Amino acid sequence: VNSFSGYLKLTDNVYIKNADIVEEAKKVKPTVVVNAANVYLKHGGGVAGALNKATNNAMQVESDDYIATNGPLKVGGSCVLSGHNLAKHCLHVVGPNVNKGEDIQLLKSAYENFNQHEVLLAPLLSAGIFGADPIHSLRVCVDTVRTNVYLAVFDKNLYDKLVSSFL
Ligand SMILES: O=C(c1cnc2[nH]c(=O)[nH]c(=O)c2c1)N1CCCCCC1
């Protein structure tokens, strides 16, 4: 038993809700919140910008130190950093950005990072400003992630669509 409420169960291990991931992290305080990161951990907009602003820019400060030490992530890769006031840890995961021409097949590799964590609160990778089809992203999620994932979808219209079209 865990503290996630209001979710619709999609599969044995995938749950979905219409929620603001920032507000959901603020109330659940999950062990892991997933950020829709880029390779530079520049948290300027989208989920990333929203999560970072909720940390009063502390996420960005930590991220800049990480990059200064380690260099950029790979597309399809991830790193574990602090969750600040939102979660214990933030898993920064880089899905391919279709608006940069990145290969969509890397979306499966991105979701594989979730399997290193027993439970996660997450957005749909490569959705929103990353330009991928959120329905395809949901299919890859279901077919790749084996651990327990609670998907927060900000847009109510999108949500209702994802549910109605789910197989
Ligand atoms: O990007 C935002 C977001 C960020 N900052 C905001 N600041 C404000 O004053 N009003 C807003 O609606 C607002 C929205 N979201 C999408 C990704 C996370 C889910 C919640 C909202």
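Along the sequence shown, residues carry numbers from 1. Both ligands and their constituent atoms are indexed starting at 1 by order of listing. Computation of the quantities below employed the complete heavy-atom set of this structure, encompassing side-chain atoms and omitting hydrogens, waters and symmetry-equivalent molecules.
- In this structure, CG in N35 is found 8.5 Å from CG in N52, a value given to the nearest 0.5 Å.
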Hey, what polar pairs (N/O, under 3.5 Å) does ligand 1 make with protein?
unit_1, atom_1, unit_2, atom_2, d
ligand 1, 7 (N), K53, NZ, 3.1

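- Remark: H89 pairs with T31, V80 by the side chain to side chain contact (heavy atoms under 4.5 Å, CB included) rule, at least two apart or across chains.
- In this structure, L162 and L124 have side chains that are in contact, with non-hydrogen atoms separated by less than 4.5 Å.
- More than 12 heavy atoms of other shown residues, nucleotides or ligands fall within 6.0 angstrom of atom NZ in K27.
- With sequence neighbours excluded, no residue forms a side chain to side chain contact (heavy atoms under 4.5 Å, CB included) with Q116.
- Apart from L86 itself, the hydrophobic cluster it occupies contains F4, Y7, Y15, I21, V22, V28, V33, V47, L51, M59, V119, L121, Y150, where clustering links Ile, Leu, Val, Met, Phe, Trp and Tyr at side-chain heavy-atom distances under 4.5 Å.
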